[PDB]
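Data first, discussion second: the structure below is written as C-alpha cells.
Derivation of every value follows stated rules applied to the coordinates shown; laboratory data play no part. Please note: Cβ atoms are built from the backbone with ideal geometry, for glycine as well, and neighbour counts cover all protein chains shown.
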Amino acid sequence: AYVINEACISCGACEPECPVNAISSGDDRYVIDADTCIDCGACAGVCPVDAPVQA
Ligand code: SF4
Ligand code: SF4
C-alpha cells in the first residue's frame with residue numbers, strides 16, 4: 001500500500017489513473033484502499049505535490 005499524505009491538495013488527478021480504482025476522495029483528502037493497492041506508484045507519478053508514498 002501507498003498512503004496519501006496531507007500534502008494532498010485534493011486536485012483529483014490521481015483518481016482516474018489508479019489501475020485498480022483504489023483511490024477515492026476521502027473526508028479530508030484523497031485516500032487509498034490499502035486492501036486493493038498494488039504499489040504501482042502511478043498516483044504519485046501524476047501528483048504535483050508528490051503526496052502518495054509507499055508505506
Ligand atoms: S500505488 Fe498504484 S495501485 Fe496504489 S493507489 Fe496509487 S495508483 Fe492505485
Ligand atoms: S494527485 Fe496528489 S494532490 Fe491531487 S488528489 Fe491525488 S494525491 Fe491529492
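Structural remarks
- Selection status of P16, over 9 Å from the mean Cα position of the chain (by Cα) and not in a loop (DSSP other than H, G, I, E, B): yes
- In the range 1-13, residue surrounded by the most Cβ atoms within 10 Å (Cβ to Cβ) [restricted to those that are in a loop (DSSP other than H, G, I, E, B) and not hydrophobic (A, V, I, L, M, F, W, C)]: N5
- Extreme residue, nearest to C18 (Cα to Cα), among residues of the range 31-55 that are near ligand 1 (Cβ under 9 Å from one of its atoms) and in contact with a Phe, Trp or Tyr (Cβ under 8 Å, 6 or more places away or on another chain): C43
- Selected residue (criterion: nearest to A7 (Cα to Cα)) from residues of the range 19-37 that are within 12 Å of ligand 2 (Cβ to nearest atom) and part of a loop (DSSP other than H, G, I, E, B): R29
- Selected residue (only one of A42, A13 is in contact with a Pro (Cβ under 8 Å, 6 or more places away or on another chain), within 8 Å of ligand 2 (Cβ to nearest atom) and among the small types (G, A, S)): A13
- Residues (out of contact with any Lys or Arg (no Cβ under 7 Å at 6 or more places or on another chain) and either among the hydroxyl-bearing types (S, T, Y) or away from ligand 2 (no atom under 12 Å from the Cβ) (or both)) located in the range 1-10: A1, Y2
- Residue tally, condition of a type outside the set (A, V, I, L, M, F, W, C), surrounded by 14 or more Cβ atoms within 10 Å (Cβ to Cβ) and within 8 Å of ligand 1 (Cβ to nearest atom), over the range 19-30: 0
- Count of the range 31-52 residues which are touching a strand residue (DSSP E or B) at 6+ places or on another chain (Cβ under 8 Å) and either surrounded by 13 or more Cβ atoms within 10 Å (Cβ to Cβ) or within 14 Å of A13 (Cα to Cα) (or both): 9
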